[PDB]
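For reference, the chains in residue letters:
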Amino acid sequence: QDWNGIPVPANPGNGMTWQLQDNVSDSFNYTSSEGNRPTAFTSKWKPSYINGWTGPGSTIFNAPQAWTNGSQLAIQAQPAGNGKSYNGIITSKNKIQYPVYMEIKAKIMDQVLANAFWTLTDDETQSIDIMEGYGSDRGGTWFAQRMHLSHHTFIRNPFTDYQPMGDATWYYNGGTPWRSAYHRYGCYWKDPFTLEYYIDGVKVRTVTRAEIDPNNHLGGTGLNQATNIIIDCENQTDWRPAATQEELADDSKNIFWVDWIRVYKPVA
Ligand SMILES: OC[C@H]1O[C@H](O)[C@H](O)[C@@H](O[C@@H]2O[C@H]3CO[C@@H]([C@@H]2O)[C@@H]3O[C@@H]2O[C@H](CO)[C@H](O)[C@H](O[C@@H]3O[C@H]4CO[C@@H]([C@@H]3O)[C@@H]4O)[C@H]2O)[C@H]1O
Ligand SMILES: [Ca+2]
């Protein structure tokens, strides 16, 4: 695999080591697209959201915009007309649950669109955002230069959304924009109350119990459910400027590239 010899940066415990979870890991070293979906892909992933929802704001999730090129997954955006985009997404066919380390090597788009690697339960109440980036300087240099590290707890009806909002939820890298290179974005979901984030193999943030669910949307369980993996892009016009149609058409800038995803659990 692509990550051969790259250590897992999280601590598996004394007298423990890390073990790869095959069914949610992929080096994406195959070619695939709409009408050419091989087993290497369909055994693990589907190019759609976890249900029929087509995305927030000006997003239109669309299967053709997820594909692979022999070495990387492309999560692509396209013009949809009427101020909207078509947006790539994949989701896992298999669930994961703490304790679990999950990491991608990826390069976000030079777009105002969100690009994210995240989890979401079938009931849509629990989410971890391993990363959520906004690449273009047209969205503000402040955003282009920061990576969002967060999680959500929801009540579905009426819709109520909690995430931590402390300054440490947006991680700065000296002014280098995140669009400029591939980085490794990782998170150890250690238990329902403990999340650690890792960028380029370095621990950059720890979230503990008080920040997990202070409004009690989950009734005291914390982030405890088996959940789905998602990698997507979104046109989040409820709070972001809309992408222009020409930006969405520019294929030198409209692809969120993921070289690989790897997932491990701690073992003796
Ligand atoms: O950028 C990546 C993500 O980052 C953060 O994680 C965000 O929290 C996440 O947005 C969320 O994704 C899901 C979970 O909660 C919201 C949210 O936008 C989303 O789910 C939809 O929420 C809307 C309400 O705003 C609806 O409740 C919708 O329900 C659907 O209703 C019908 C159609 O399909 C089924 C769905 O449940 C139903 O039969 C939710 O899907 C990302 O931005
Ligand atoms: Ca690869």
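Scoring rules and cut-offs
- Residues numbered from 1 in each chain as written, not as in the entry; some residues may be left out.
- Chains lettered and ligands numbered in written order.
- Heavy atoms only, no water.
- Helix = DSSP H or I, 4+ residues; strand = E, 2+ residues; numbered from the N terminus.
- Polar contact = N/O pair within 3.5 Å; in protein donor to acceptor, adjacent residues only side chain to side chain.
- Contact = heavy atoms within 4.5 Å.
- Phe/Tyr/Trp six-rings, centres within 6.5 Å; stacked < 30°, edge-to-face > 60°.
- Buried < 20%, exposed > 50% of the residue type's maximum accessible area, 1.4 Å probe, protein only.
- Donors = N, O, S within 2.8 Å, 3.2 Å for Na, K, Ca; no water.
- Tetrahedral: all angles 85-135°; square planar, octahedral: opposite > 155°, others 65-115°.
- Near = heavy atom within 4 Å.
- Areas by Shrake-Rupley, 256 points an atom, 1.4 Å probe, with all protein chains shown as cover.
- Pairing = 2+ DSSP bridges.
- Core = buried A, V, L, I, M, F, W, Y, C linked by side-chain atoms within 4.5 Å.

- As recorded in the PDB header, X-ray crystallography is the method behind this entry, and the stated resolution is 1.7 Å.

## As for the side chain of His183
- Following the sequence through the fold, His183 ends up in strand 14 (residues 183–191).
- At 2.8 Å, the side chain of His183 forms a polar contact with the side chain of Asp200.
- With sequence-adjacent residues up to four places away left out, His183 is seen in contact with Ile104, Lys105, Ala106, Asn173, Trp178 and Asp200.

## A word on the packing of aromatic side chains
- Considering all chains together, one arrives at 20 aromatic pairs under this definition.
- Seen from their ring centres, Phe143 and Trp239 are 5.5 Å apart, and the 70 degrees between their planes marks the pair as edge-to-face. In this pair, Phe143 sits in helix 2 (residues 141–144) while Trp239 sits in the loop between strand 17 (228–234) and helix 4 (245–249), placing the two residues 96 residues apart along the sequence.
- Given a relative accessible area of 19%, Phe143 falls into the buried group.

## Structural notes on the coordination of the calcium ion (ligand 2)
- Donor atoms from the polypeptide that coordinate the calcium ion (ligand 2) comprise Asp2 (OD), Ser27 (O), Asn29 (OD1), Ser71 (O), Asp259 (O) and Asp259 (OD), at 2.2 to 2.5 Å from the metal.
- Classification of the site at the calcium ion (ligand 2) as irregular follows from its six donor atoms and the range of 71 to 173 degrees in their angles at the metal.
- Sequence spacing among the residues donating to the calcium ion (ligand 2) works out to D-x24-S-x1-N-x41-S-x187-D. Here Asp2, found in the segment before strand 1 (17–20), pairs with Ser71, found in the loop between strand 4 (66–69) and strand 5 (73–81); they are 69 residues apart in sequence, far enough to count as distant.

## With respect to unusual backbone geometry
- Residue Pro99 is bonded to the preceding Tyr98 through a cis peptide linkage, with omega at -10 degrees.
- Note on placement: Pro99 falls in the loop between strand 7 (89–92) and strand 8 (100–107).
- Residue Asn157 is joined to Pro158 through a cis peptide bond whose omega torsion reads 5 degrees.
- Position of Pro158 relative to the elements: it lies in the loop between strand 11 (146–156) and strand 12 (159–162).

## What to know about the site of ligand 1
- Lining the immediate surroundings of ligand 1 are 17 residues, of which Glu124, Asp129, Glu132, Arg156 and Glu234 lie closest.
- One of the backbone N or O atoms of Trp53 is found 3.3 Å from an oxygen atom in ligand 1.
- Between an oxygen atom of ligand 1 and a side-chain N or O atom of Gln236, the distance comes to 3.2 Å.
- When isolated, ligand 1 has an accessible area of 800 Å², and the protein chains bury 68% of it.

## Here we look at the pairing of strand 5
- Alignment of strand 4 against strand 5, held across three bridges, turns out to be antiparallel. By the bridge assignment for strand 5, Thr68 is matched with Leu73.
- In this structure, the hairpin formed by strand 4 and strand 5 is closed by a connection of three residues, where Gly70 is found at a positive phi of approximately 100 degrees.
- Sheet analysis places strand 5 next to strand 6 (residues 84–87), joined by four bridges and oriented antiparallel. Looking across to strand 6, one finds that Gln78 is bridged to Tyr86.
- Remark: two residues form the turn of the hairpin made by strand 5 and strand 6, two consecutive strands paired antiparallel; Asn82 in that turn has positive phi of roughly 55 degrees.

## A closer look at the environment of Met16
- Tracing the sequence through the fold places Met16 in the segment before strand 1.
- Residue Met16 is classed as partly exposed on the basis of its relative accessible area, which comes to 38%.
- With 185 residues separating them in the primary sequence, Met16 and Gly201 have C-alpha atoms 19 Å apart.
- Every residue in contact with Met16, bar those within four places of it in the chain, is listed here: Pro266, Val267 and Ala268.

## Notes on the nonpolar core
- With 46 residues, the main nonpolar core has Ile231 and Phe256 as its most contacted residues.
- Not counting residues within four places of it along the chain, the set of residues in contact with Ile231 comprises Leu73, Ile75, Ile89, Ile90, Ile104, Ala116, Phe117, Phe256, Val258 and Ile261.

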